[PDB]
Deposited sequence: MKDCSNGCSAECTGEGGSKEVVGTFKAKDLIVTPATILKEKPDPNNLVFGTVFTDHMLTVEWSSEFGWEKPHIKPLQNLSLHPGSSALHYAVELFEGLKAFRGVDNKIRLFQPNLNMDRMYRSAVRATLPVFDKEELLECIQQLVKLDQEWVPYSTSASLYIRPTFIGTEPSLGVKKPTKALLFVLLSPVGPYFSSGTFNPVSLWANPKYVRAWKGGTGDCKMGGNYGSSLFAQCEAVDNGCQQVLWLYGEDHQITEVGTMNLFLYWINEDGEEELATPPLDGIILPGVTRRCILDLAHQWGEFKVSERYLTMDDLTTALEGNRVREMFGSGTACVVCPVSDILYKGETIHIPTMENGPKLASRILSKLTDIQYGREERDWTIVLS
């Protein structure tokens, strides 16, 4: 057990540099000039990290990442502030999650501080890619795959940790959800609370069926009571008047089937800080939703995540019936306020312990 170290970084600058794209971009379509890569073996442990020109990965055909999904990823952003200072948002939480995911994937552990510094060195080198727009940013995709060259299903004796950079804009423009309870995203005892690739490949069929019915995303339902868990790849928030006639900002609890998002945490922290209404991490079902609608109790519904931050939901297609959510007709007040707060913090218009600057 050990870790690679940032002070050991081997930088190899690309001679040919690619022209930056126009800030006004399709998510994950464009990649920067460089990338970070770190090899690992159970025999020699972590090798020295490298920052080199973006290039293809040369992988053995038997690599466990291609056969048994031994893999995991992360997603954070770097923002060019109104002061032109590049900032990262709550990077330390992504490193924690990534570490936890590694352990649950049986991939080799590493030192969070070192990885973060290596990332900071990667972004710094390609800092000119960080968009020159207050509505765009640079997406950081840390990835960790098993490269064991054997078909035996088991803990990998070889692995590759790498990091890609992609300048992006959007991932309000409300979305419509497709809710089919026949499809299940995560289960108790599963890995839904980790960012392991295995939990995503199996959702593509559902996502396709969603676009097949005019929806932009999938509303993941769970259990006999059809609990509302997540919106596609985002955590779900419901701003309504609860059963007790109280103004409430609710979101499903972290009971195993919900991925603990960094945006989810922040929203809950801002929501608690303001102390203007009740904040509850509890169970929400379709019936709770419908009963509330046929009472004008609902105010806003939206998804949260690094890619969208705040993503208003306006309709849910459930049991052949299109269920409209008055999110947009009520502002969206909270959703907008939350967007401004996070955006202000991310672009340096507001000082806070949530961002770091190199």
> How would you list, in order, the spans of the deposited sequence that the model does not cover?
Replying inline: 1-21, 46, 194-198, 386
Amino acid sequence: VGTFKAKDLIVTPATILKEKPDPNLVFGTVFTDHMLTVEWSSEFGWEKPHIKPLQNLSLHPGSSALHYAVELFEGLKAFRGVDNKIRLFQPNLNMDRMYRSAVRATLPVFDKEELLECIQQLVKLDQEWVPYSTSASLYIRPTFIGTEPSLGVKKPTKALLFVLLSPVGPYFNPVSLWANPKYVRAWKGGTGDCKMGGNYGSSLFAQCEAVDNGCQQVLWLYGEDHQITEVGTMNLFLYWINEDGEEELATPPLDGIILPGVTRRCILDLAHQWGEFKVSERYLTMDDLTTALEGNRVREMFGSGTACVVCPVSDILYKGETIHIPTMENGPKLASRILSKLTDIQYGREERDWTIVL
From here on, numbers count along this sequence of modelled residues.
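In this text, the rigid core denotes the largest set of C-alpha atoms whose superposition between the two forms falls within 1.5 Å.
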> After a core fit, does 162-170 or 225-233 show the bigger CA gap to the shown form in 7 other deposited structures of this protein?
Replying inline: 162-170
> Comparing 113-121 with 189-197, which stretch shows the greater average C-alpha B-factor in the deposited entry?
Replying inline: 113-121
> So which stretch wins on mean C-alpha B-factor, 129-137 or 89-97?
Replying inline: 129-137
>> Comparing recorded Cα B-factors across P142, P260, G169, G223, which one is largest?
In response: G169
> Which of these has the highest Cα B-factor in the record: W40, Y68, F27, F31?
Replying inline: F27
>> When the deposited Cα B-factors of this chain's modelled residues are ordered and cut into thirds, is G62 in the lowest, the middle or the highest one?
In response: lowest
>> Quick check on the deposited entry: does the C-alpha B-factor of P326 sit in the lowest, middle or highest third of its chain?
In response: middle
> Compared with the other modelled residues in the chain, in which third is the CA B-factor of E281?
Replying inline: middle
> What third of its chain, lowest, middle or highest, does the C-alpha temperature factor of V82 fall into?
Replying inline: highest
> What third of its chain's C-alpha B-factors does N173 belong to: lowest, middle or highest?
Replying inline: highest
